[PDB]
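Novice: One structure, as structure tokens, below. Some questions next.
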């Protein structure tokens with residue numbers, strides 16, 4: 457088990473065995489959750505080609521840095537921004553400590569960098585739970601692979617929104633891993649989506665899963681990427697089916713920021 | 015003396031999902047309720063066969079998640095016996111590496127060629143030697 | 005008209021009316044007001060009670103009934119006029135008693151109505167008199183009962199100072215008006231509430 | 054209703070976040086306007102009572118009305134405040150200390166109450182706020198918060214520990230319902 461797993465196939469794919477299947481909990485309506493995507497809002501919003509997202513300065517500066525600042529300043533709640541690497545995280549938030557003078561976010565957020573310390577981690581979670589935007593799980597940056605994924609077992613709904621600045625993705629080292637990719641090409645042919653993309657999206661889903669916790673809570677989770685439709689197919693993220701009666705978990709809108717603030721009013725009302 | 019409406023709805027199908035005696039896959043919530051409801055769903059089989067009684071083992075990524083499994087399971091049992099307990103007369107335990115549980119054995123034999131297996135062998139050897147004779151010095 | 009409405013009017017009988025020097036006129040005006048109230052809707056009902064110095068008494072208990107109501111009121115008040123409790127012989131009136139009677143009636147009417155749907159009721163006091171300390175517990179008991187019942191107690195003070203009544207409206211969420219120009223009584227009854 | 058006497062300190066958020074058009078042009082206008090409606094309804098329900106008015110703005114606390122039994126001062130103060138508006142960030146600890154200082158003086162059978170309208174997310178005060186919450190519960194000063202779209206944990210604990218009234222408001226209709234619940238008296 458893994459909480460969600462409804463598309464079923466990946467586990468029998470990994471096993472080379474066909475377990476007995478069963479869904480063995482009663483789920484809650486789709487409406488307590490909201491799962492957005494962001495890419496731009498006018499036809500001039502061309503800086504997100506992501507042919508070299510690790511090098512595209514204009515793209516980092518435009519909706520990657522600017523949409524985060526618009527969403528965080530407008531939606532004033534405790535929100536953690538997950539990144540694909542430290543290097544992206546460092547470039548996107550100028551912070552108190554900047555990698556260059558030329559970086560494009562100016563706002564009070566907290567860091568979560570390497571040499572994390574078990575005692576130091578708690579200080580940042582004490583700050584996020586207590587008050588203000590900033591803390592661990594609050595207006596703070598962390599890489600999605602990193603320790604923040606363990607979360608905290610507080611009763612208080614410490615988390616509100618998570619904004620994945622880039623879809624969590626991984627690579628395949630030109631050694632034993634490359635040998636594995638070849639083997640699974642030989643056997644599956646459809647190896648890339650199973651071996652890497654789907655496996656990275658679950659990496660995503662753990663962090664968002666840790667934010668919203670279960671049926672007795674509420675939340676939203678946004679993804680920032682050009683290639684995001686591919687991620688929406690095959691039910692590789694939490695958005696997918698659990699009960700036909702639920703009346704769907706749809707996220708299309710002409711403006712994400714407005715839709716989440718309208719959704720938070722809806723949640724206060726409940 | 016009861017259990018959840020969810021456990022009652024699911025139980026027969028879950029006992030059946032379990033009958034195949036080799037494997038199965040289970041869909042559950044994003045975390046809250048998942049592990050406790052497993053313990054509630056294994057309460058149906060806590061003694062399925064009296065002549066052998068099978069056991070439960072739980073695999074876990076890190077030490078803070080293990081205390082979440084223990085604290086929930088401690089609430090569900092409430093005690094080992096009918097004297098204070100009402101779902102499971104079970105006995106449960108946490109464990110993790112010798113590398114985590116024990117600091118002094120890591121510290122004292124400080125050398126590069128000193129594997130965590132080897133240190134239990136070393137501690138066992140000092141205990142047998144002390145028992146043999148050398149309690150006063152080894 | 006869907007909702008049955010009972011308006012109970014408590015009239016303070018106190019000889020303060022002498023200061024008013033007229034009671035006859037006040038009755039005429041109150042009658043006009045009642046007729047209008049009954050005419051507005053089929054479902055409207057009225058009960059009239061007199062809070063006198065010595066005790067509280069029921070003057071009357100539908101609009102078809104109005105002719106009956108007029109006669110019953112004129113006759114009842116005349117009987118009340120008696121010398122005892124004359125002029126400011128007794129400054130206060132038995133409002134607590136009157137309110138108790140009113141709540142009993144409202145309750146009884148409500149039970150019958152309960153068989154059917156809900157009833158809405160409100161109590162109107164025409165207050166001439168002054169409050170007294172001895173009165174505090176009894177009056178407040180009735181007032182609080184009304185508030186719990188969610189029955190508004192409105193008060194029109196022609197004269198005198200009944201603080202308890204002012205408090206009664208506040209707690210009850212009713213309306214309190216100290217009338218300047220008592221002859222404008224009819225306007226206040228229609229307009230004020 | 055009569056039976057006992059109330060002392061209530063009304064505390065309003067005059068931070069820059071209160072300017073926003075989300076609830077009546079700028080939360081400030083909609084909250085002061087409904088708060089004027091509440092004062093007259095609370096004083097009508099509670100004829101023997103007192104209120105005092107405090108604001109938090111530009112990282113300080115200021116006294117809009119002194120503690121008194123005449124409603125007129127408080128509606129006149131809510132009228133006079135609207136013109137000078139809101140800017141900056143809260144000062145909740147200094148506002149609970151001035152409110153405490155007035156409320157501690159009051160005698161045995163009267164209530165000690167603080168009503169806060171909150172549109173921020175923290176407060177600028179250095180002092181340890183947990184020591185002051187412990188002291189409120191010893192003093193029997195009860196603190197209530199009506200928050201705008203906001204659940205930030207120190208405020209919610211602070212209202213629970215002092216007596217149990219952290220409420221969220223999402224419309225002008227919901228805010229009138231919340232103030233009208235506070236108009237309601239305590240048992241005696």
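Chains as they are written, first to last, in the deposited numbering: chain A, 457 to 726; chain B, 15 to 152; chain C, 5 to 25, 33 to 72, 100 to 231; chain D, 54 to 241. Think of the CB as a built atom: it goes at the ideal place given N, C-alpha and C, for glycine as much as any other residue.
Just checking, does the stretch 96-113 of chain D make contact with the stretch 187-205 of chain D on the three C-beta pairs under 8 Å criterion?
Specialist: Cβ pair count under 8 Å is below three, so no.
Novice: Kindly indicate which three-state DSSP category residue 691 of chain A falls into: helix, strand or coil?
Specialist: If DSSP states are grouped into helix, strand and coil, residue 691 of chain A belongs with the helices.
Novice: Of all Cβ atoms in chain A, is any one closer than 8 Å to the Cβ of residue 175 of chain D?
Specialist: Closer than 8 Å to some Cβ of chain A, the Cβ of residue 175 of chain D qualifies, so yes.
Novice: Note down, in chain order, all residues in the stretch 95-109 of chain D with a beta-carbon under 7 Å from any beta-carbon belonging to chain C.
Specialist: Hits within the stretch, in order: 97, 98, 100.
Novice: Using three-state DSSP, classify residue 119 of chain D as helix, strand or coil.
Specialist: In this structure, residue 119 of chain D counts as strand in the three-state DSSP scheme.
Novice: List the endpoints of the continuous beta strand (DSSP E) containing residue 216 of chain C.
Specialist: Unbroken beta strand (DSSP E) run through residue 216 of chain C: 214-216.
Novice: State the beta-bridge partners of residue 220 of chain D as determined by DSSP.
Specialist: In the DSSP output, where bridge partners are listed per residue, residue 220 of chain D has D:199.
Novice: In the DSSP output, what is residue 60 of chain D paired with across the bridge?
Specialist: Answer is D:103, D:165.
Novice: Enumerate, from N- to C-terminal direction, the unbroken beta strand (DSSP E) stretches of 3 or more residues contained entirely within the stretch 460-520 of chain A.
Specialist: Counting only runs of 3 or more, we get 476-479.
Novice: Within 8 Å of any Cβ in chain A, is that where the Cβ of residue 80 of chain D sits?
Specialist: Residue 80 of chain D does not count as touching chain A.
Novice: Start and end of the alpha helix (DSSP H) containing residue 114 of chain B?
Specialist: Residue 114 of chain B -> alpha helix (DSSP H) spans 112-115.
Novice: Comparing C-alpha positions only, which one of C:229, C:227, C:221, C:226 sits nearest to residue 23 of chain C?
Specialist: Looking at the Cα atoms, C:221 is the closest of the given residues.
Novice: Following the continuous beta strand (DSSP E) through residue 68 of chain C, name the residue where it begins and the one where it ends.
Specialist: Taken as a continuous stretch (DSSP letters only), the beta strand (DSSP E) holding residue 68 of chain C covers 67-71.
Novice: What residue from D:182, D:205, D:179, D:227 has the CA that sits closest to residue 594 of chain A's CA?
Specialist: That would be D:205, whose Cα lies nearest to the Cα of residue 594 of chain A.
Novice: Between residue 27 of chain B and chain A, is the shortest Cβ-Cβ distance under 8 Å, so that the two count as touching?
Specialist: Answer yes: the Cβ-Cβ gap between residue 27 of chain B and chain A drops below 8 Å somewhere.
Novice: Report yes or no: is there a C-beta of chain B within less than 8 Å of the C-beta of residue 473 of chain A?
Specialist: Residue 473 of chain A counts as touching chain B.
Novice: Just to make sure I have the definition right: I need the residues of chain A whose C-beta is within less than 7 Å of the C-beta of residue 57 of chain B. Which are they?
Specialist: What residue 57 of chain B touches in chain A: nothing, since even the nearest Cβ is about 14 Å away.
Novice: From C:160, C:201, C:180, C:40, pick the residue whose C-alpha is nearest to that of residue 13 of chain C; which is it?
Specialist: If we check each option's Cα against that of residue 13 of chain C, C:160 comes out closest.
Novice: Looking at residue 71 of chain C: is its Cβ nearer than 8 Å to the Cβ of residue 112 of chain C?
Specialist: Cβ distance not < 8 Å, so residue 71 of chain C and residue 112 of chain C don't count as in contact.
Novice: Would you list, in sequence order, the uninterrupted alpha helix (DSSP H) runs of no fewer than 4 residues that lie entirely inside the stretch 41-118 of chain B?
Specialist: Qualifying alpha helix (DSSP H) stretches, in chain order: 48-56, 77-91, 112-115.
Novice: Once the 5 residues before and after residue 96 of chain B are set aside, which same chain residues still bring their CB inside 8 Å of it?
Specialist: If we look at residue 96 of chain B and ignore the five residues flanking it on each side, its Cβ neighbours are 103.
Novice: Take residue 176 of chain C and list the residues in its own chain whose beta-carbon comes closer than 7 Å to its own, dropping the five residues that flank it on each side.
Specialist: 134, listed in sequence order.
Novice: What whole-angstrom Cβ distance do residue 200 of chain C and residue 158 of chain C have, given they're in contact under 8 Å?
Specialist: Contact flag wrong, Cβ pair sits at about 25 Å.
Novice: What is the residue span of the beta strand (DSSP E) that residue 620 of chain A lies within?
Specialist: That run of the beta strand (DSSP E) goes 617-621.
Novice: So residue 167 of chain C and residue 20 of chain C are in contact, right, with Cβ under 8 Å, and what is the actual spacing, rounded?
Specialist: Rounded, the Cβ-Cβ distance is 6 Å, consistent with contact.
Novice: Please report whether the beta-carbon of residue 721 of chain A lies at a distance below 8 Å from any beta-carbon of chain D.
Specialist: At least one chain D Cβ lies under 8 Å of residue 721 of chain A.
Novice: Grouping DSSP H, G and I as helix and E and B as strand, with all else coil, what is residue 61 of chain C?
Specialist: Reduced to three states, the DSSP call for residue 61 of chain C is strand.
Novice: Count the other CB atoms within 10 Å of the CB of residue 88 of chain D; is the residue buried (16 or more) or exposed (fewer)?
Specialist: Classification for residue 88 of chain D: buried.
Novice: Check whether the stretch 191-200 of chain C touches the stretch 214-229 of chain C, taking contact to mean three or more Cβ pairs, one atom from each stretch, closer than 8 Å.
Specialist: At 8 Å Cβ cutoff, the stretches touch.
Novice: Can you tell me where the alpha helix (DSSP H) holding residue 663 of chain A begins and where it ends?
Specialist: Counting along the chain, the alpha helix (DSSP H) containing residue 663 of chain A begins and ends at 654-668.
Novice: Starting from the Cα of residue 233 of chain D, find the closest Cα among D:150, D:142, D:64, D:93 and give me that residue.
Specialist: For residue 233 of chain D, the nearest C-alpha among the options comes from D:93.
Novice: Please check the pair residue 148 of chain D and residue 210 of chain D, which I expect to be a contact at CB under 8 Å, by giving their CB distance rounded to whole angstroms.
Specialist: The pair is not a contact, with the Cβ atoms about 17 Å apart (cut-off 8 Å).
Novice: Using only alpha-carbon positions, find the residue among C:196, C:39, C:179, C:155 that is nearest to residue 115 of chain C.
Specialist: Residue 115 of chain C has its Cα closest to that of C:39, out of C:196, C:39, C:179, C:155.
Novice: Of the residues C:141, C:153, C:47, which one's Cα is nearest the Cα of residue 225 of chain C?
Specialist: Considering only alpha carbons, the answer is C:47.
Novice: So if I threshold CB-CB distances at 8 Å, which residues from the stretch 652-683 of chain A count as touching chain B?
Specialist: Result list: 665, 666, 668, 669, 670, 671, 672, 673.
Novice: Compare the C-beta of residue 599 of chain A with all C-beta atoms of chain B and state if any pair is closer than 8 Å.
Specialist: Chain B, which has no Cβ nearer than 8 Å to the Cβ of residue 599 of chain A, makes this no.
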